[PDB]
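K.L.:
Structure below; questions to follow.
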Amino acid sequence: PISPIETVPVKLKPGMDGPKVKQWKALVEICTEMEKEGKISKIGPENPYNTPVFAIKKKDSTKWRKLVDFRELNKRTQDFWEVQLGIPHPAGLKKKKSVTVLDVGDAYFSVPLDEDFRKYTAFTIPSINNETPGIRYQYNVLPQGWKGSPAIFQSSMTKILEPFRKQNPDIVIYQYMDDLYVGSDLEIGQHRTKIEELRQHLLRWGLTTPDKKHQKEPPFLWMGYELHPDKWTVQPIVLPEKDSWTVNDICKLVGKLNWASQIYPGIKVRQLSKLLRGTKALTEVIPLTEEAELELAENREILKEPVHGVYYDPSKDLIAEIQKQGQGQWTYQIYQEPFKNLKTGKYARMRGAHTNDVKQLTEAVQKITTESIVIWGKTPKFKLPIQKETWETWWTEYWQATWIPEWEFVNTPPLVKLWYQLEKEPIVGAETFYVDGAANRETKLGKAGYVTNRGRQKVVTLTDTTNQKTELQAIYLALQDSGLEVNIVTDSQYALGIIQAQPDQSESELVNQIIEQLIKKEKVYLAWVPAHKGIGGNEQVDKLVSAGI
Amino acid sequence: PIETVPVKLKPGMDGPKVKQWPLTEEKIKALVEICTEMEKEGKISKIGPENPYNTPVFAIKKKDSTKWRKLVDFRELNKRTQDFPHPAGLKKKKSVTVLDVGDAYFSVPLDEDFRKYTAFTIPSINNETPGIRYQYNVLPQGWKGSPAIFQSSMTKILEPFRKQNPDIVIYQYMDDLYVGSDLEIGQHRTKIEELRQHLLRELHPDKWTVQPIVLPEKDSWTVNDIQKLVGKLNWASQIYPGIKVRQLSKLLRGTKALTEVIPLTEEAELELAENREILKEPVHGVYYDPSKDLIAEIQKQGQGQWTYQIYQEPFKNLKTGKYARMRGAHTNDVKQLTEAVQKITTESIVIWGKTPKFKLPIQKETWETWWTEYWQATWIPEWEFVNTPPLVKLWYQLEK
DNA sequence: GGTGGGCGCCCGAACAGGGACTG
DNA sequence: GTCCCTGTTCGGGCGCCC
Ligand SMILES: [Mg+2]
């Protein structure tokens, strides 16, 4: 049926005509079954518009479908505010005495289209047999590929399930598109007979529920998983074991993996996924890299080994426990009692040229938080690979305002740390190094160097370079010609900025070394002075490096 | 028959489309609670996806109590609505009370063909339903436009209270009512409750303080101690061109080990003395321009020690501040920062009448995850997330 | 082949912002 | 103004769902 629900007004963008083209081949006829159902009416040829059409087949080949390419209409219809904000998660289901999972039948085709807009959805079959001026329908229901349908349908669904959701403030219905899951505080046969009053509700509004009525049938199927009374698991995932690999071939993988990594802990994808780096091709083959292949090896390992998830309760409490995986990667996992996982994840995002393990830890804690608020709607308690103290260190000296929430030290190696601190105070004893670099921006030739109280002076001429770079090279000379204790005086804020921030990794080879040498050092004191203002001995270095440029 | 005034947006601009962000069960639930009333009582309606626009909502526990307020982040819709003097004596009253009125604006019906911009969306814990959307039919709280339209009648309302009580200045920015008096506190509140009983139909401005730039006092100096001096001075330059560094940066002539002691010369010890005076002087050339963005920034010194400045033009600071929070074994940077920004925005409003744009010393993700927990005002200032040069921290720093 | 919407993950394009520079 | 060099937004590919 078509629903009795009031219809939803949609315009075209502020100045468009509507679509219009034609198409062409044994044109087959479901298109009259719709006629007698009200879902399309026939139209008189002073309706200007036409949109192409065609046929294919079902996403589970049981029917040999029809479809319209509103790809033109879509591009001229008003914008919407879509209303699916996210995908519900199983791990966020707090389990109810009784349950069902039913689906609406033929639902797009069950809600009316605004009539002031139906004309635009006018499509026209070629001919009954290859030529006569053919037939011409509009739609009276939500079409199967117009950008309006989903948003509008979802709204309508909601706006209908409404009186059930208050006539029962307390039976829980998870609604994703045209699919339902039902949750009841009632014993099976009052649920059973409550699920009826529901089905009958939808019917009254024009939504039928065939079977398709997942019943006394745990495992319920829902949302791509396999719910149970007490656990849940992902319908098995099979890895693209394609002995040669191209890009799209690998994206196939990582995507299965990220989907995988929501329940199978440990899943990690750093090396697969720097393979896309640089490319200009989408199909271009990619030689499986050594650390990659070795990494790829690891994942297939995990998924063999089977696992489940669990449900939630406002009763017991949420825990998140992060663990340092490899290079810039992390693996979390939320639960409520010890080895019973509730959800897990994977934060590997690389934000910055230069970072250290404590900011990645911060980001991960950030990702996991907002996400918990999304699923369970509250912030968790954490357990983190970093000693209560390292944090206070960091949170003391770092100049930006940072903050991790209610947490407690777990002892899961690798542990997080700051591979070196800078000195607050200059070093009695240490050579005091004055560094400075220059570089001609025409010639891209440069210079970096140093000058100490003990009167020492290098001056390496760099090439194909930038001013910023040389100023970081000079800090680099200084550290590698200085012994285990050293003060340095740079004129560059750019440099002072990176290093104060205490990087253990960066995109730069220069900074990655400057980090090496910083760890090897015993005490450093980095000090700044304004450039080109005649200071001792920022003056002396500054000429050293500045003749030639 | 209660009549409606047409309104619309900056020319060529379109209404907001801002994504709603994750709320907490307690925030949604409190939002679903007052949205129910808010439509029943005929103040908002419900709307489908055919409304392309959207502006975010969360919910604030405006007291220690159990009465939630809902504010809409109209910053975006605000800065697209066509707009249009300021009581100078309010900043200088013994104490000011800030009322939240507030539930007054629903009294006037918003113009229909504008309602479509007021649309917002209430999410679902774990996404168990699509979002439910509403749209205002009556001047919403938090929009530049409500206080506007309503002033007409606010002024009728206040007429006799402003007249009878001459010594008091009442001010209206957004949902807030800032009222001020030289009354002793206690005589003040009895008056402010007299206001509240009328409208049925704590700030101490004179105490706010500027933290100037200050030079290190010590009885011996190192190369290093001077280098940190010359450079700070060198920067103060751009502010007080009446500064002087040359006779002092002469001391660092050769290539001296950071730790070696320099003695200050006849002039040096007087140049520095002449400088520490110039910094007492009022910055010359600063004139609040009403049509320019007000720019506030903030640096985190340490130990609940926050410093701000507020300026429209670089180096022409209208106010340097130091805001001091807690030094704790349970301290919250974001919470503090949240508190800083609010306090600052409040002087900002009290003094100049408008609200600043903040340059926040914090990672955007970090700030966006939490600021909603620790907020308490019925407005929201525009902000961008900076990364601070750890240098310009030393400049404004304090010394024990 | 020629179908819509949603969230996620990555990555590269476009920028924005600053801070140094040239003669 | 020009360079650098950081950050950010966005759109494309895939994953998964209806
Ligand atoms: Mg230099």
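K.L.:
Please report the orientation-averaged projected area of region A:219-312, defined via the convex hull of its C-alpha atoms, in nm².
P.N.:
Taking the Cα atoms of region A:219-312, their convex hull projects to 7.0 nm² on average.
K.L.:
A further question on this structure: Show me the three semi-axes of the equivalent ellipsoid for chain B, from the C-alpha gyration tensor (sqrt of 5 times each eigenvalue), largest first, rounded to whole Å.
P.N.:
Calculated on Cα positions only, the semi-axes equal 47, 26, 19 Å.
K.L.:
Among B:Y311, B:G328, B:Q301, which residue has its Cα furthest toward the positive end of the charge dipole of region B:257-350, with +1 on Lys/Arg Cβ and -1 on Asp/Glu Cβ?
P.N.:
Checked the options; the winner is B:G328.
K.L.:
Continuing with the same structure: If each residue of separation counts as 0.36 nm, what is the full-extension length gain between A:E162 and A:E33 once their alpha-carbon separation is subtracted?
P.N.:
Net length gain for the segment: 43.3 nm.
K.L.:
What average number of partner chain Cβ atoms lie no more than 10 Å from the Cβ of the residues making up A:433-440?
P.N.:
Mean number of neighbouring Cβ atoms from other chains: 1.
K.L.:
Only Cα pairs under 8 Å and at least 6 apart count here; give the relative contact order of region B:206-310 as a rounded whole percent.
P.N.:
Normalised by residue count, the contact order of region B:206-310 is 26 percent.
K.L.:
So what is the orientation-averaged projected area of region A:384-514, using the convex hull of its C-alpha atoms, in nm²?
P.N.:
In nm², the orientation-averaged hull projection of region A:384-514 is 9.9.
K.L.:
May I pose another question? Quick check for me: using +1 on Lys/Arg Cβ and -1 on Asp/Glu Cβ, what's the dipole size of region B:29-107 about its Cα centre, in debye to the nearest 20?
P.N.:
Magnitude of the dipole: close to 600 debye.
K.L.:
If each of B:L199 and B:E382 carries a label point 7 Å out from its Cα toward its Cβ, how far apart are those two points in nm?
P.N.:
The two pseudo-label positions are separated by 2.7 nm.
K.L.:
Which value at 222 nm does chain B reach when only helices count, each DSSP H run of 4 or more adding -39,500 (n - 2.57), with the total divided by all residues and rounded to the nearest 500 deg cm²/dmol?
P.N.:
Counting only the DSSP helices, I get -8500 deg cm²/dmol.
K.L.:
Sticking with this one: Might you report the magnitude of the Cβ-based charge dipole of region A:422-549 about its Cα centre, with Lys and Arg at +1 and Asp and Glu at -1, to the nearest 20 debye?
P.N.:
Dipole size: approximately 300 debye.
K.L.:
How much of the DSSP beta bridge set in region A:313-419 is antiparallel, as a percent to the nearest 5?
P.N.:
Once the DSSP bridges in region A:313-419 are tallied, antiparallel ones form about 60 percent.
K.L.:
Any chance you could tell me what percent of the C-alpha pair distances in the protein assembly as shown go past 46 Å?
P.N.:
Of all Cα-Cα pairs in the protein assembly as shown, 45 percent lie more than 46 Å apart.
K.L.:
Just the C-alpha atoms of region B:8-120: what Rg/Rh do they give, with Rh taken as the Kirkwood radius?
P.N.:
Reported Rg/Rh, Kirkwood definition of Rh: 1.01.
K.L.:
For region A:26-105 and region A:418-468, what is the separation of their Cα centres, given in Å?
P.N.:
66 Å
K.L.:
Give me the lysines in straight-line cross-link reach of B:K244: C-alpha distance below 20 Å, same-chain residues under 8 apart excluded.
P.N.:
Once the sequence-local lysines are set aside, what remains near B:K244 is A:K533, B:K218, B:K228, B:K232, B:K280, B:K316.
K.L.:
Here's a follow-up. Expressed as a whole number of Å, what is the distance separating the alpha-carbon centroids of region B:123-152 and region A:330-409?
P.N.:
Their Cα centres are 34 Å away from one another.
K.L.:
I'd like the mean, over residues of B:16-22, of how many other protein chain beta carbons sit within 10 Å of each residue's own Cβ.
P.N.:
3
K.L.:
Report the net charge of residues surrounding A:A320, where surrounding means a beta-carbon distance below 15 angstrom and charges are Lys +1, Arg +1, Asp -1, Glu -1.
P.N.:
+2
K.L.:
When you look at the Cβ of every residue in A:136-149, what mean number of other chain Cβ atoms sits within 10 Å?
P.N.:
0
K.L.:
How much length is gained on full extension from A:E217 to A:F54, taking 0.36 nm per residue of separation minus their Cα-Cα distance?
P.N.:
Once the chain is fully extended between A:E217 and A:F54, it gains 54.8 nm.
K.L.:
Indicate, rounded to the nearest 5 percent, the antiparallel portion of the DSSP beta bridges found entirely in the protein assembly as shown.
P.N.:
Roughly 75 percent of the DSSP beta bridges within the protein assembly as shown come out antiparallel.
K.L.:
Moving on. Counting alpha carbon pairs within less than 8 Å and at least 6 residues apart, what relative contact order, in whole percent, applies to region A:313-419?
P.N.:
Rounded, it is 29 percent for region A:313-419.
K.L.:
Would you work out which of A:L239, A:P112, A:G345 lies farthest towards the positive end of the dipole of chain A? Charges go on Cβ: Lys and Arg +1, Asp and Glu -1.
P.N.:
After comparing all options, I get A:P112.
K.L.:
Pairs A:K75/B:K10; A:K274/A:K383; A:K13/B:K116: which exceed 21 Å Cα-Cα?
P.N.:
In this structure, A:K75/B:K10; A:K274/A:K383 lie more than 21 Å apart at Cα.
K.L.:
For chain B, what is the percent of antiparallel DSSP beta bridges, rounded to the nearest 5?
P.N.:
Percentage antiparallel, nearest 5: 80.
K.L.:
How many angstrom separate the Cα center of region A:506-540 from the Cα center of region A:240-268?
P.N.:
Each part's Cα centre sits 42 Å from the other's.
K.L.:
Consider all pairwise Cα distances in chain A and report the whole-number % of them above 39 Å.
P.N.:
When all Cα pairs of chain A are counted, 52 percent exceed 39 Å.
K.L.:
So, one more: Once the principal axes of the Cα atoms of region B:269-382 are found, what is the range along each, listed largest first in whole angstroms?
P.N.:
Each principal axis gives a Cα extent; for region B:269-382 these are 49, 39, 23 Å.
K.L.:
Mind jotting down the three principal axis lengths of region A:162-213 based on Cα atoms? Whole angstrom, largest first.
P.N.:
26, 22, 20
Just so you know, all these numbers are worked out from the coordinates, no wet-lab data involved. Heads up, the Cβs are rebuilt from the backbone with ideal geometry, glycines too, and the neighbour counts pull from every protein chain shown.
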